[PDB]
Amino acid sequence: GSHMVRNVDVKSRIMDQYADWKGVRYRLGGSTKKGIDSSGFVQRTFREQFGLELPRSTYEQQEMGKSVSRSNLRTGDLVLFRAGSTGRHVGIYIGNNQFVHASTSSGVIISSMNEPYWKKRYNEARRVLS
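Residues numbered from 1 in each chain as written, not as in the entry; some residues may be left out. Heavy atoms only, no water.

Its PDB record attributes the structure to X-ray crystallography, giving the resolution as 1.4950 Å.

Right, dumping it as structure tokens:
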């Protein structure tokens, strides 16, 4: 079998994407720097940094990969929250109890998993990178 190293500087690649996208406003169904949503930001990040094709849907991203327990989160895992009007919101865990996401209140931003709003609404996590 293959013994090539894989999955790489995951944190630095996500931070590269964040550097270029920080502050981009929230727009439902958007996919550009003029405006992007939470699942769209996850889709773009995984395409551009990891070469993986994800759907632009929190509902479908919840099905991906394998489930991870909250205690076992690793950088690059998708974090899912029962938040907002439809009860669906996704971000990318970046370690140290932080996650990056396209937020409705602030656009693309880094938030803490311990912020009371997000801590109360955390639902599940998915691992996509082996």
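Asker: So what's going on with the overall build of the chain? Which residues, and what values?
Answerer: Looking only at helices and strands, the chain has 4 helices and 8 strands in total. Counted from the first residue to the last, the chain has its helices and strands arranged as α-β-β-α-α-β-β-β-β-β-α-β. Taking 14 Å as the expected radius of gyration for a compact globule of 130 residues, we find that the chain reaches 14 Å, a close match to that expectation. Along the longest, intermediate and shortest principal axes, the C-alpha atoms of the chain span 45 × 30 × 25 Å. Counting only contacts in the chain whose residues sit at least 6 apart along the sequence, the fraction spanning at least 24 positions is 51%. (Helix = DSSP H or I, 4+ residues; strand = E, 2+ residues; numbered from the N terminus. Rg over C-alpha atoms; globule rule 2.2 N^0.38 Å. Contact = heavy atoms within 4.5 Å.)

Asker: Requested: an account of the nonpolar core, with residues and values cited.
Answerer: A general trend in soluble globular proteins is that nonpolar side chains are found buried together. If you look at the biggest cluster of nonpolar residues, it comprises 22 residues, and the most contacted ones within it are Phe46, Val100 and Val108. Elements with a minimum of two residues in this core: α1 (10–21), α2 (38–50), β4 (78–81), β5 (89–93) and β6 (98–103). Setting aside chain neighbours within four positions, we find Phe46 in contact with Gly51, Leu52, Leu54, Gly76, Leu78, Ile92, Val128 and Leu129. Formed by 10 residues, the second largest nonpolar core is a distinct cluster that contains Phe81, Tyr93, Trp118 and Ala125. (Core = buried A, V, L, I, M, F, W, Y, C linked by side-chain atoms within 4.5 Å. Buried < 20%, exposed > 50% of the residue type's maximum accessible area, 1.4 Å probe, protein only.)

Asker: Outline the side chain of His101, supporting the account with residue identities and numerical values.
Answerer: Along the chain, the position of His101 falls in strand β6. Given a relative accessible area of 1%, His101 falls into the buried group. For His101, the side chain forms a polar contact with the side chain of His89, separated by 2.8 Å. (Polar contact = N/O pair within 3.5 Å; in protein donor to acceptor, adjacent residues only side chain to side chain.)

Asker: Account for the packing of α1 against α2, with residues named and values stated.
Answerer: Where α1 meets α2, the closest approach of the two axes is 10 Å, and the angle between their N-to-C directions is 120°. By the angle class used here, α1 and α2 are oblique. Helix-helix and strand crossings are classified by hand; for α1 and α2 the assignment is right-handed. Residues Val10, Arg13, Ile14, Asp16, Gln17 and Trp21 of α1 lie in contact with α2, whose contacting residues are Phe41, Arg44, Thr45, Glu48, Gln49 and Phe50. The class makeup of the residues in the contact of α1 with α2 is 5 nonpolar, 3 polar and 4 charged. (Axes fitted to C-alpha atoms, helices over the stretch in contact; angles between N-to-C directions. Parallel < 35°, antiparallel > 145°, perpendicular 65-115°, else oblique. Left-handed = near helix turned anticlockwise from the far one by under 90°. Nonpolar A, V, L, I, M, F, W, Y, C, P; charged D, E, K, R; others polar.)

Asker: Which residues make up the layout of surface pockets, and what are the values?
Answerer: In this structure, the largest pocket spans a volume of roughly 400 Å³. Where the lining of the largest pocket is concerned, the elements lending two or more residues are α2 and α4 (116–121). Considering only residue class, the lining of the largest pocket consists of 5 nonpolar, 11 polar and 2 charged. Put simply, the second largest pocket is a space of about 170 Å³. Forming the walls of the second largest pocket are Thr58, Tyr59, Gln62, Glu63, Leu80, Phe81, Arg82, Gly87, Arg88, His89, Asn123 and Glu124. Among the elements of the structure, α3 (58–61), β4 and β8 (122–127) are those that each provide at least two residues to the lining of the second largest pocket. Across the lining of the second largest pocket, the residue classes tally to 3 nonpolar, 5 polar and 4 charged. (1 Å grid on protein atoms, 1.4 Å probe; cavity = no way out; pocket = protein on both sides within 12 Å on 5 of 7 lines; lining within 4 Å. Points joined across faces, edges and corners; volume = space filled by probe spheres on them.)

Asker: Mind laying out the pairing of β6, listing which residues take part and the relevant values?
Answerer: Burial of β6 is extensive: 5 of the 6 residues sit out of reach of the surface. Strand direction decides the pairing type here: β5 and β6, joined by 2 bridges, are antiparallel. Paired with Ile92 across the strands is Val100, a residue of β6. Counting the residues between successive antiparallel strands, the hairpin from β5 to β6 contains 4 residues, one of them, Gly95, with a positive phi of roughly 85°. In this structure, β6 lies alongside strand β7 (residues 107–112), joined through 6 bridges in antiparallel fashion. (Pairing = 2+ DSSP bridges.)

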